[PDB]
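Below is one structure; the comments refer to it alone.
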Amino acid sequence: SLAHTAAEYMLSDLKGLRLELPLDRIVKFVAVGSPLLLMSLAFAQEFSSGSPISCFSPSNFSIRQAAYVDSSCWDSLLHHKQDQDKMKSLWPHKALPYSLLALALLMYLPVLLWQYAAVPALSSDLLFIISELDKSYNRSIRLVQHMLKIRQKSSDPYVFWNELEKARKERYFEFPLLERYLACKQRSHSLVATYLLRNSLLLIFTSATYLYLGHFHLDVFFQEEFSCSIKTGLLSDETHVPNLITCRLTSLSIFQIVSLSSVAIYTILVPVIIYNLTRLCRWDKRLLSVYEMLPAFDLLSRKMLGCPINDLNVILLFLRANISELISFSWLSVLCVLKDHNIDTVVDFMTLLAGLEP
Amino acid sequence: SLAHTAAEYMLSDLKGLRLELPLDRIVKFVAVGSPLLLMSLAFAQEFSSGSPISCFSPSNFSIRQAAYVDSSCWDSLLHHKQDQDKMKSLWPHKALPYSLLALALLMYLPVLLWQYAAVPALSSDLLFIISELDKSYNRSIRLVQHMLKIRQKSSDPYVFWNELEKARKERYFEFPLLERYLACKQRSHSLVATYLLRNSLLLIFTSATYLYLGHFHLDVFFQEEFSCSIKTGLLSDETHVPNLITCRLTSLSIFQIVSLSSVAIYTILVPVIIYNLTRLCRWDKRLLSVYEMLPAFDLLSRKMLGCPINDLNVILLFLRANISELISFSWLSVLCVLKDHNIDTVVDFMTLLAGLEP
Amino acid sequence: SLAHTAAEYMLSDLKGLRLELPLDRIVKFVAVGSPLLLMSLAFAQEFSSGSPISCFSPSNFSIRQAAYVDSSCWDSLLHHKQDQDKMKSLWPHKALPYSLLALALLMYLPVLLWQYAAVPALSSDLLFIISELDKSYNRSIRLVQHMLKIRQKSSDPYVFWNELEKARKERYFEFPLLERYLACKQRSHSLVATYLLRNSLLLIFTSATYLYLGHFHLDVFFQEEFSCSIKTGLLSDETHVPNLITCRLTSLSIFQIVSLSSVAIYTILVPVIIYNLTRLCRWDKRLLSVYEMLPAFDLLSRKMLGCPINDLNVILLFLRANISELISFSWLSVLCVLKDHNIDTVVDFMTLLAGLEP
Amino acid sequence: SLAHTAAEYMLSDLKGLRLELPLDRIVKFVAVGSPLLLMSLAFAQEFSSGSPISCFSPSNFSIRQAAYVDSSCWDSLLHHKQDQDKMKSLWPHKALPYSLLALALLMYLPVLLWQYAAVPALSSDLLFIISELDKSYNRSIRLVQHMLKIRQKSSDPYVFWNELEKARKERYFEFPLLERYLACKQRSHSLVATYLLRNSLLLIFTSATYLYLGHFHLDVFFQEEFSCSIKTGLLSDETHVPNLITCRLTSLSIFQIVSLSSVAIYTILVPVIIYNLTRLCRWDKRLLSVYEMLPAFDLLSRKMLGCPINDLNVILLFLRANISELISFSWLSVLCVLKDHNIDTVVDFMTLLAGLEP
Amino acid sequence: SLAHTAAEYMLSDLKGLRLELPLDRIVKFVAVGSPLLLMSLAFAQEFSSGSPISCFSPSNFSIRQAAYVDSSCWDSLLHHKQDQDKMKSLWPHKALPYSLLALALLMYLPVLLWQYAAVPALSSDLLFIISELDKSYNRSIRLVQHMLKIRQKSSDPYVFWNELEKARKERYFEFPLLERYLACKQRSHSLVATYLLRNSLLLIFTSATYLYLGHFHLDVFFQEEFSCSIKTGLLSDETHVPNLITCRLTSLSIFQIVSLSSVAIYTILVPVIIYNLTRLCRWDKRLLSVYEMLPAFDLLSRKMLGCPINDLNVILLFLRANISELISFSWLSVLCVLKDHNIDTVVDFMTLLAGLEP
């Protein structure tokens, strides 16, 4: 079916960076593939419907005549009630796959906008941050690997605290170009617009589905039998039944079940995206206690102020997801025992030297 | 069929770590793939159903009329018993594929929540622990080898009973970071909760399946014949049978066998999960006699006290499966002849140099 | 469906250079693949049409006679209206797949034309320009290295407003080699209009679609029944119905939705190509500030004069996508915010030596 | 068919070691795939059964009435014999594919038991044993070569009959870790239990198949006609045949041939299992003569006593299978001409020297 | 069809050794694939059989009654001839695919027997022989090269007829282990039995096929019209024809064609196997003349005495096939011009240094 091909092409699972959160990933699957899956079950496989409409034609009719009769009403679904002559339409029955595929394709717009308008600028400059925050450790592997050796002969903090203080606050161990970089991305507001827009389109599309099911569905929902007319044109001058009565919809159950499942999936989907939206309303202070002492991570910790709608929010949010690839997947992750003013300072430094990598 | 594609994408069998225990793999495979296989076998392959319901129409009816009749009841299963007019439903016969697919999808949530909420941190801990445990080889044979070489040069107390403290309490024998890490780890309880909840979800889903098969099934089980009505609408003003009796279900045997198989497989499946849960109720003391002599492995056996519900328990359980990968898949495993107080400790030592690796 | 094969072969997704604008790629995709999607949806999958026409033959006819009836009228679509004898044709219903396939294959013509007549000349110029423009490493920081060290010896305006006049006005800082190329390349006007012609081709194609839809469609839009004639030949000498009335078009709905979708998608598409056409109508000076300071990139900002219809426009626009690939972007990226005259001349310098890459 | 997919997934043919006896492999193949082959041939391909039952309905009945007739008997297989009213059922004809599939899944369980309960420990043991065995070469040719080189420099007792004791009881010729390892492993009884259960499960399963064929089959074996009844419900008040006689089974020949093939194949298979079981009842001394002269292989032949039910028997049986991989697939295998006391112990020597590998 | 799958799995076309004579390969291919090809051709593809039996029921019968007539005799093929009551059966018409599949499976037994019981030992022998004979190049040219270099310095007996003795009876020119190995393999008679059985089982199977075609075929070969009986049970008390004559077999042509092709192909195949059997009955000495000059190959030509049923025979037959892989595919193969007593031996010699390879 077309659903399988769409799922293969659409919604199918730099060079190492993770540019997309597992929450948003799961939301994208559960919002895109669900209508495709419902289409696949509905119009194939388990329920081979065959003819979606059946008619109780009079016995005098021939087989070809009955075929004409029950083929001339599916494209003319009109309830010719005796109550003037309010011909109520049941066009959602013939348009259900259309609506499902339209919803499926509408679900793919926000991810396209996120992939097109924000991925390149994000990717290039985060490659810049990862390409710069690897030599900060290379400083340590090349100038504090003897920090123990010059110290170990003598004692007292005069050979601990100030020996490297001017070798950590210097020309060699600094990155002031990044200071201006983060200071300025604190001011810009372009990248947050993509995220908020991505969430808002999914919200408005879910509301659109809600209203669509509210107006057209839920009205012809317990209706299964209607009377149609055939003598409404060139056939009016013929001696046969003026009204073909009791055309029964065979696929009412799948209609009801598809509608109910479509309601339920979006009802359970709604809270996840609002949680993702409120994720950006606060400044995260989970492990900032250790970030303030780390040399390069200190400037991540100091610019922790002001209104929480800034590009630095998104940058740090994506960093925390990429902070454990292979190299920061180290003592950074290992430092879980320093989470419990002269002894805490020296104990923390020996643990830093205990993980002396090579 | 959707069964083949679902089994392909879903339930399809770092870089070396074993993040799943084999019994868990077996139980997830059995509990997930079985509904797929049953629904595939039932509604395809050997028994071509055709139409699940057959009707005994009066001979006056035309072929198209009979098609309308047997199509207007497969979506309107309502037994018009003469006993007022208790219209008992027979919906599960129609809803069986939906029930199977919903059960299959529901059973797969626990593995998702495990792989998302436990894999990263647990993998980090395993990699760290194995990274410092692989060092322990050249710490008992590269550090203690001058013990028997000194033992032959002296006799008793100062050479074999007064050397076991100046060498064991030595800075090349002591691992502070690992001990502090284990001390911090055994206090944490975050990781075990995932294990308990993933098992409890399996139990609660099995109980829900039992409830579903107990209330909806087991009632329409020996019923194969039910009389329907068609003149319950505008067809009331027509000259034909008022109660079309004897619309017969065709797939009753399939219904029975599917229900019985679903009951039996989960009945035999239940005890494994409770066994897995109670595996954490005790401290494993099978081979601690050999850990307590090794430098690094003494710490693992030392912090075995108090209530066993801690992350240290699960981390040891998942480590034990990985102590036999390629490097600890060595002398440690070869140390099987040490399971049978001055001759014991020497005999334990030249066996160490027997497997001197290079 | 053959539409799947066409989408697989056509419209299927040097060695590093990007030669297509992403917006142009999206326009190409939505213009080419859409008619294939409508054709595949319309005549397969969800809607098993069967026979697009049905006939209400008299009951005297046999099965094969009715087969002759409904086969002799599908290929002879002529409404024998009683209003002299204007047999209106109903041929668009038959020719819809031909029209869709013709439109889809017509959409690909501008793509092949641009691929064949633009890319060959374009690629060499772009790669050459990149080859010389990447040279600033051994042009700027090697040749402007003796600026900061020179500063501290002397004082401000006689150390940084006198050595500029000789250093930049010196052979090794000069790039007139590129200057003759760029100057002679702007005299050319043969290739400037290739892009304009490429856009106008698809614009004329869209106009053709509009005229075809407004002329032949939109007339047979609510006509679903018609009376045919069978005794319009050698059967004229027979005793049967002369006007075999009531031939009903069962697939009118598919016709209406495909026509409406074809109108709507192109209606949304039209302004995008106009925007792309207007993109060439102005000088882009968004980041001209950074270009003029760097030696090599200074020439790019230098030659922005005259009418904006020049080849250099095409090179620069297709180059901005390729200028940001790996190397030239890195230096241009590190500045971004810097858009805010003696301190400015130096603060931009230690930023350059902050990112000394090795 | 499902049989093809089942054969694809299951029953499908470290890093170089052979963990399965070829006889056990062919036993597994012929014991698992045979019911799959019978399933594939019986209900597909050559004999498109269609409806496995046919009914001699009265001529007055309509087509749909006959469809109801032959659909209401296949799921209600009950012979309404006039002999009270012993309604003998013919359920095996329906349950044959289910029975075959259940047998197929059942007979594969011992493979899982062997793969899960014995493979890792066996692999560790064999890996240790070959890892130590490969070293035995440069200890009898690199280390004993100065026996014949000294032999011509002297004569008889002190050069060939007294040097074989000083040169055999030396530390370079001793393997005490091996000796203790095999001494401890011969006491264990865990590994043999898995193998004996593996054979016993096959034997019990074959006996269960014999009982199943004996009781339920072999009774409905020459019956092809049975009189059914339809007036056993709401059709009791109807004017039709009270005993619709003569329902004929179409696939009786398939039934008989499948039963005969099923019994015959396992009857042929039985002796191989008991042969495999009794292979453990004796100590194998086929080439023990050559083992006793090699340094490392002497200990293998030394612990050759007592009751043969030990894990040592299994480890040696599996060792002989991998004794010809790439390195022992050499001089040891070449040592076949030494199978035909002063000349014997020197003639066997220069043969070792001639095969000096590099 | 299972014909395609069976040809895919079986009959499908160390690391360099050729362990099968290609005549055996082609004869196995022809003997195994021919029944599969016949099965695929007969019951699929070109000749869409439909139903292998047609019945002439009286016109009073209904359509379902006629279907019961058709299906009540195909499984009860019994010719009720009026000649007492010899119910001659035509079961081979039904059992032809069964016979073809059984024959195809039976053809595979000798192949697996040879692959399992003889391949390892023969492969080991060939590996050892090739490994030792590949050293023979630098033993007749790098050892014997100082013959003509000395022959030109002397004249006749002591340089070309007395130096051929002290040099050919020299340690570096001798391969005693090869001679002893070949002598040991001469007495053994294990591998020859495998080849003899591999041919004998094929002969026995061909004779069995001839007997099968003789006894059951060739009797019902011109019979296509038989009269059956249907009132042979519960139908006896009915009013219809007692002898429902003329059930005509519509697949007699394929029966005759497949029988003729099956007998013809085996008749053609018979001589090849007996030729292969006789191939082992003589010592092959086609190029023994050039073998007796070479150092190591002289031993091979030496041991051709006595009865030709020995293992060295089969070894040399397998050698002559793989003597031309990559390194003996050299001067040895080039030694074709030396096939035409003092000038011959020198002429035999400088050709060796002419092909000095490097």
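Numbering of chain E is taken from Swiss-Prot, so the residues present carry the numbers 2-14, 25-94, 98-354, 360-377, in order.
So this one's electron microscopy, 4.0 Å, going by the header.
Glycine is treated like the rest: Cβ placed from N, Cα and C.
According to the topological domains annotated in Swiss-Prot, E:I143 and E:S243 fall on opposite sides of the membrane. When you go through E:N71, E:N152 in Swiss-Prot, the residue listed as N-linked glycosylation site is E:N71. Residues 2, 4-5, 7-8, 11-12, 110-111, 114-115, 117-118, 121-122, 125, 216, 264-265, 268, 272, 275-276, 279-280, 283 of the same chain lie 6 or more positions beyond the ends of the transmembrane segment (E:40-60) yet place their CB under 8 Å from a CB of it.
Proximity of distant same-chain residues to the topological domain 'Extracellular' (E:237-267), defined by a Cβ-Cβ separation under 8 Å and at least 6 residues beyond the stretch ends, is recorded for 60-69, 80, 83-84, 87-92, 104, 107.
Residue density at E:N71 (N-linked glycosylation site): 9 other Cβ atoms are found within 10 A of its Cβ, drawing on all protein chains shown. Here the topological domain 'Extracellular' (E:237-267) has, by DSSP, the following mix of helix, strand and coil residues: 5 helix, 5 strand, 21 coil. Taken through DSSP, the topological domain 'Cytoplasmic' (E:135-215) splits into 60 helix, 0 strand, 21 coil.
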